[PDB]
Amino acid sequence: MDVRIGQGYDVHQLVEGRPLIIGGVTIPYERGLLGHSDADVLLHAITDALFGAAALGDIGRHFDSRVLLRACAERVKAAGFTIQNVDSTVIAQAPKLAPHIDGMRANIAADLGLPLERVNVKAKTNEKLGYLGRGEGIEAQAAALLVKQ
């Protein structure tokens, strides 16, 4: 069985006057993530992990963060891989992410064609350290495992 690992990282600044969208869930908050796309740090980190596992390069090579994640899953499937699972962490000082985690997992699972039991998202703060601990930005990390057919 030809198993492959991938890992992803993303970070965006948080700014006034942008919606906060993470894992495709819009979360009520006075600030949101700055980027070219909707800046969805969590979907971007998972997309990178998936391309990384498939050795299809990265998000910048290929490319709604949902649309991108769905095109990523297509390209990975087309390259002959199946997705075993995704795990991820979002690091944000605020707001509270816990009540939105199930929604992110549902969006991710739909977009990757997986059952919910193969998708995990975890939330952390940065314990008031650094730009994350001060609310100036939000980070996501992801890991994915593929099997090549």
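All residue numbers refer to positions in the sequence shown, first residue = 1.
Counting the unmodelled positions of the deposited sequence between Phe63 and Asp64 gives a long gap of 10 or more residues. For the pair 131-139 and 11-19, the record assigns the higher mean C-alpha temperature factor to 11-19. Relative to one another, 22-30 and 85-93 have unequal mean CA B-factors, and 22-30 is the one with the higher figure. Among the modelled residues of its chain, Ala98 has a C-alpha B-factor that falls in the highest third according to the deposited record. Split the chain's modelled residues into thirds by C-alpha temperature factor. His44 is in the lowest one.
Looking at the C-alpha B-factors along this chain, the one for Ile108 belongs to the lowest third. Ranked against the other modelled residues of its chain, the C-alpha B-factor of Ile5 as given in the entry falls in the lowest third.
Per the deposited record, the Cα B-factor of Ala123 falls in the middle third when ranked against the other modelled residues of its chain.
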